[PDB]
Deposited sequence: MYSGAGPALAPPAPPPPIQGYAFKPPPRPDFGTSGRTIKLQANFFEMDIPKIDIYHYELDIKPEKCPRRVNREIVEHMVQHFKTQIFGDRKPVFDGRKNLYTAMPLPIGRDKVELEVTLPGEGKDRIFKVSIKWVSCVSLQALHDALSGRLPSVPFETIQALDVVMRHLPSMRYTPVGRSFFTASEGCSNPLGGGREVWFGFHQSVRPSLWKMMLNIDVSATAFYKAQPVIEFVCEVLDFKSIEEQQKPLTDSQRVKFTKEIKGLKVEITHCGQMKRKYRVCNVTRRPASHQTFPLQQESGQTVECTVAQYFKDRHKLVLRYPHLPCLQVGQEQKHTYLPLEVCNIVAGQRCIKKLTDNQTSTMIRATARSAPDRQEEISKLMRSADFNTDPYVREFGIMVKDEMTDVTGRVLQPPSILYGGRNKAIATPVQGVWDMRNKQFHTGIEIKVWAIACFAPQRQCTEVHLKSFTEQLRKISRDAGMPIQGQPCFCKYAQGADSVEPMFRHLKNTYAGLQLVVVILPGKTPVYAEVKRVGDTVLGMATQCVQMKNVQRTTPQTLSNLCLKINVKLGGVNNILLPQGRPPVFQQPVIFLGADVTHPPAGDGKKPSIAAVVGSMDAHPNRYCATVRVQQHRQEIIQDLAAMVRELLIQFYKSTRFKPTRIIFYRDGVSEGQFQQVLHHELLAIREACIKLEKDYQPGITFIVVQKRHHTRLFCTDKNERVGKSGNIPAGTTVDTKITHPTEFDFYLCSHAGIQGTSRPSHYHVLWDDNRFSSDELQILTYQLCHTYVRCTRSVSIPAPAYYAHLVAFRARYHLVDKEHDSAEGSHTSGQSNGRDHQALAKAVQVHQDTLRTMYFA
């Protein structure tokens, strides 16, 4: 349960496409570099302070140490040199004074860059991480002090333009940077990005932006409690400067004119000690430093210090502004990356140059293949076949594979009658039934119940009424006035309390209908009621389908930024037929920000039991698409989850030992692919076509991984989903697994489109997000309560309630 399998072979399927990748070839010398351990007393210091004290150390001790110029530093305890120092293994004790630190330098090892060549060149079977790490510290050294680091990125205020967001916020532009091995050479992966920062401005102006003042002196009265509290919400925890830098822990209730402390008042303290007649004595003070102490600063002598990222959620308007400032077509993104690289000129970086590293200033050429889509089999009399083109098809003149006959259905309208009238409801009903009939999901007559209601309180009694009164009720259609707490209450009651199918619809989509919205609505309804919308052309499926096989999708979704106690949510779904089309779901709450799926063995067990009850087959193979695990987590996640899958098999039966293929799906990474030739660009966004596959050149040097961009790019630059096989009892070839993966992206029931990840992984998200909806404002005994809230009713268990 540990070593990922070797790349079995290379894919051959599909016509070829010329692509460029945002990977830049690196020439690394075949030489040793030297590793040194450091430690800085005191070590509570931020990473950036350490880099300063080490920089001053290098220039200061230039002569009795560090004669061999230009070491690089990782911000804590690791230092590299291109040539060795006059150190020996002997520690060395040094003192440095920062404008008072002791630092010791112990040698630790060499890092043979020659061995890295070999690990890339099939000589060595494993890629030496420590060597990659060292190169990464080299490449990051200068920009970590020149710009503001944020994760694997770097940001800066852009020269000559501003992008204010308002509320004291503005857009900074930046780039991602990382060092990757590949089938070819080392790769410098660069991508542009953008994120919100606070403006380095006088706190006074910060006040005026936050409170929506055109200016100060507007007015000269002290702030309302309402104004003061809002300001306090914005600036608490931010850094300010007066030489001196402080973190704001509070805003005082009193103005500086009257705010006092044991020496005296604030206006007068600055008048006497600093000859400062405050221009705005009526305004409060910032509390800074130890919250137990009484260090107060008048607003007027304070600026927001530069380079503080905005952590808090952006407002709706800010968000709008942000989108508008950063939205880029694929060709425009490609050009921005290219521009940025020539601009960056990594080869003039003196530290890169110290280690004799060259970086190519143009994107790597790679060849892709565009896989053929599957054909999609519909039902009805005709049993129509739909042929995807550029990642899209449609249902016009096609009826579902297995369509549900709707005999008994109700409507609850929570939108106000004066806005969503009985006339709207009748027309909507008439249009829906038309579409549903063309779709082969005949809504056989009028609803058995149609009533207005208001408020979350009215939901449960209405639904209890409905469940008790109308035998054979298949659906409640729920009209909502827009965003409302009622939606989450409908799903609480429908999904977990009473076990009743619901389909919510926004009022605007009832008032004004279109065929496409209504048709998409039917796709969800048919599914919710147990129907099969369509299936993969059977004879066009890869060979793996000749034997019972179950397809699992798995995801964990973590709490938002800044959260502290909300659970993370694990979801696992499993196919329940051979098409494969129908899925069932499992879901758990688990520990805050834990990626590993804790209860996975019990989840898979459930899915396997339900698969047998639906199909009367025991799977011979299990295919496990595991979403969202980053590289730095492959081995941890696979050790626990692979064994749990086995555990589930083993505790069911017998030496029931079906082969497992464990695949990590990453939609979010920093690889971007672009059409080399302008005439391959698809649509306004100019993206690579659906089906573009890459498993050469930029992928892993020994393991089994590939990019597949399964979807049509509508806007921006498409994320090519990445697939990495951590385990494979089934010995897929590249072709069969890539084609399987692609084909699974055409089985997603909520649209007649090839989506960006396979359907099982997509459903797992939907399951996790629904649990999250079940926990709204409810997030050992804690654990039990939350577990209970995400638990669907018995009659919901076997359904695609998440669709």
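Unmodelled regions of the deposited sequence, numbered from residue 1: 1-21, 121-126, 270-275, 297-305, 822-835.
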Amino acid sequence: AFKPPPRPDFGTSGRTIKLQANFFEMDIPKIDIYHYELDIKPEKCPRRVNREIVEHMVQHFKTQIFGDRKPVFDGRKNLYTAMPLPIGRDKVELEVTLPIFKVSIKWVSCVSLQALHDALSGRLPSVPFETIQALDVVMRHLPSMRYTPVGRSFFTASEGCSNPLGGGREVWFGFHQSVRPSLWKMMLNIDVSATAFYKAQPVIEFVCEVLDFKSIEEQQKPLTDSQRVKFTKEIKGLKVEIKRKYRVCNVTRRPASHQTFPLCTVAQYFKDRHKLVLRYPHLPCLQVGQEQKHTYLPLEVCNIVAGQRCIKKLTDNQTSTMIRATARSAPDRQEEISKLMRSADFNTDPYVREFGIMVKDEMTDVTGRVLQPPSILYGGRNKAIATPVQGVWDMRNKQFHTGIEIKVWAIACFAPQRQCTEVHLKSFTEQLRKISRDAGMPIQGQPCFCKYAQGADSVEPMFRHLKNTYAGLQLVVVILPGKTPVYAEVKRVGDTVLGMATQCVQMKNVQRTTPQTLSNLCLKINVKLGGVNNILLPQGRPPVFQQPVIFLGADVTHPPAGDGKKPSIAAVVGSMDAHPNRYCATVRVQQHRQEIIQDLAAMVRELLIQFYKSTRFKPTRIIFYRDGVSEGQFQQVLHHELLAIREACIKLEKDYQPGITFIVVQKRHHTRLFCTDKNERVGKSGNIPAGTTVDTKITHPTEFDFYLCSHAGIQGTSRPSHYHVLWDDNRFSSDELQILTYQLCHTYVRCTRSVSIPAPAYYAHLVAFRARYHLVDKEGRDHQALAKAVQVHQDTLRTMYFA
From here on, numbers count along this sequence of modelled residues.
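What we label the rigid core is the largest C-alpha set whose atoms superpose within 1.5 Å from one form to the other.
Once the structures in 6 other deposited structures of this protein are superposed via the core, the pair 727-735 and 206-214 is resolved in favour of 206-214 as the more displaced stretch (C-alpha RMS). Between stretches 171-179 and 111-119, the one whose Cα atoms sit farther from the displayed model in 6 other deposited structures of this protein on average is 171-179 (core-aligned, root mean square). The records show that residue 782 is omitted from the coordinate set of at least a third of the other eligible entries of this protein. Residue-level annotation: residue 293 lacks coordinates in a third or more of the other entries compared, counting only those that model residues on either side of it. Mean CA temperature factor is higher for 88-96 when stretches 88-96 and 714-722 are set side by side in the entry. Two stretches are in play, 214-222 and 393-401, and the higher mean C-alpha B-factor belongs to 214-222.
As recorded in the PDB entry, 107 shows the highest C-alpha B-factor of the residues 487, 107, 147, 624. Based on the entry's C-alpha B-factors, the most elevated value among 646, 424, 508, 293 belongs to 293. When the CA B factors of the chain's modelled residues are split into thirds, the value for residue 276 lands in the highest one. Residue 346: CA B factor lies in the highest third for its chain, per the PDB record. In this PDB entry, residue 608 carries a Cα temperature factor that places it within the lowest third of its chain's modelled residues. In the PDB entry, a CA B factor belonging to the middle third of its chain's modelled residues is recorded for residue 753.
When all modelled residues of the chain are sorted by CA temperature factor, residue 44 is found within the highest third.
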